[PDB]
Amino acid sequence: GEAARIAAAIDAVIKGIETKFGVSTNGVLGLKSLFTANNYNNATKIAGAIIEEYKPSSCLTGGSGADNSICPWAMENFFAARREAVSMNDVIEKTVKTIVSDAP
């Protein structure tokens, strides 16, 4: 029922984040804690957790040894993306907005 609809949209967000950023949420405690009925649609919380766990700004020097999985995305979409200042954290938030909206 609605419980099934909730899990369907949560999995869509999880799959969306993983395929768009080229990362895996397996073992990622901060992100998995937010995959709930209320916290799975808050783009601000998810964007903040991706930055906290995957440390995208650390990809400037190759990444934090703890998780350099987001670096291919960071390089393609920010550091070597092909005027005004562009914030890395803004780009991440804007990407999460599209994943959440195109999830259904």
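We number the residues from 1 along the sequence you see.
**Report entry** Count class of deposited residues lacking coordinates, residue 82 to residue 83
**Finding:** Per the deposited record, the segment joining residue 82 and residue 83 lacks coordinates for 4 to 9 residues.
Query raised in the report: Once you work out the mean C-alpha B-factor for both 70 to 78 and 30 to 38 from the entry, which is higher?
Result: Taking the mean B-factor of the alpha carbons in each, 30 to 38 is higher.
Query raised in the report: Considering only modelled residues of the same chain, in which third does the CA B-factor of residue 59 rank: lowest, middle or highest?
Result: It belongs to the lowest third of the chain when residues are ordered by C-alpha B-factor.
Query raised in the report: Going by the entry, which third of its chain does the Cα temperature factor of residue 51 land in?
Result: Residue 51: CA B-factor falls in the lowest third of its chain.
Requested in this report: Could you say whether, by C-alpha temperature factor, residue 96 belongs to the lowest, middle or highest third of its chain?
Outcome: Answer is middle: the recorded C-alpha B-factor places it there.
Query raised in the report: Within this chain, which third does the Cα B-factor at residue 23 fall in: lowest, middle or highest?
Result: Lowest third.
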